[PDB]
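To begin, one chain is listed below as structure tokens, in the form deposited in one PDB entry.
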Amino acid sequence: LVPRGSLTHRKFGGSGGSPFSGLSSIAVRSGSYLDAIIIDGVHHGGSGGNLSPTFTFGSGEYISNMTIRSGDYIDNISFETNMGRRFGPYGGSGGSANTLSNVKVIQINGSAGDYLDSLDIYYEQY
């Protein structure tokens, strides 16, 4: 239901230096819903609820497992990394829980106004 390899990637350059991701850090604001997600310090959403600590990924550390509870809004977020570190759960208990398992999260896009309306998570599936 989309052409094969229409979501893809390509590497340019050589083998030197240390790995980094454009997805460098995450924090959220939350109550019973998600108010905001903050990606690399950039705010996405409202100023309600409570600010989490910032989770900063190490070089070669990435989200390997993620649980989102959602409906018309993001209700809860938690994740785990390949190096065993956990973030959350942050948020409340309403909505359907869905889990990404044994992945490498590449990107988090989404939409937000005063609250966190939706996330669109791009990931490799192992």
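Note that residue numbering follows the sequence shown and begins at 1. What we label the rigid core is the largest C-alpha set whose atoms superpose within 1.5 Å from one form to the other. Only residues modelled in both forms are compared.
One more form of this protein, deposited in another entry, exists but is not displayed; see below.
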| item | value |
| --- | --- |
| Which one of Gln107, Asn102, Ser18, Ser111, by Cα shift of 2 Å or more between the shown form and the other one, core superposed | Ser18 |
| Distance direction in the other form for the C-alpha atoms of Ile39 and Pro19, relative to the displayed form (3 angstroms or more) | closer |
| Pair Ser64/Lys11, Cα separation in the other form versus the displayed form, closer or farther by 3 angstroms or more | closer |
| Where the chain shifts between the shown form and the other one once the rigid core is fitted, runs of at least 3 with Cα moving 2 Å or more | 6-22 |
